[PDB]
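Everything on this sheet refers to the single structure shown next.
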């Protein structure tokens with residue numbers, strides 16, 4: 001699941017926002033989320 005539909009800067013903020021717990025980013029920043 002190493003895919004990035006969003007930039008690292010955004011995913012970083014997503015991760016830094018804990019928004020990686022949202023399905024909105026669990027399928028856009030899964031790589032940052034750690035799904036990969």
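In the authors' numbering, the protein residues as written are 1 to 36.
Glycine residues also receive a C-beta, built at the ideal position from the N, C-alpha and C atoms.
- When rounded, the separation of the alpha-carbon atoms in residue 15 and residue 1 is 16 Å.
- The three-state secondary structure of residue 13, taken from DSSP, is helix.
- DSSP, reduced to helix, strand and coil, places residue 22 outside both helices and strands of the structure shown, so it counts as coil.
- Rounded to the nearest whole angstrom, the CA to CA distance from residue 4 to residue 18 is 16 Å.
- In the DSSP assignment, residue 31 falls within the alpha helix (DSSP H) that extends over 30-33.
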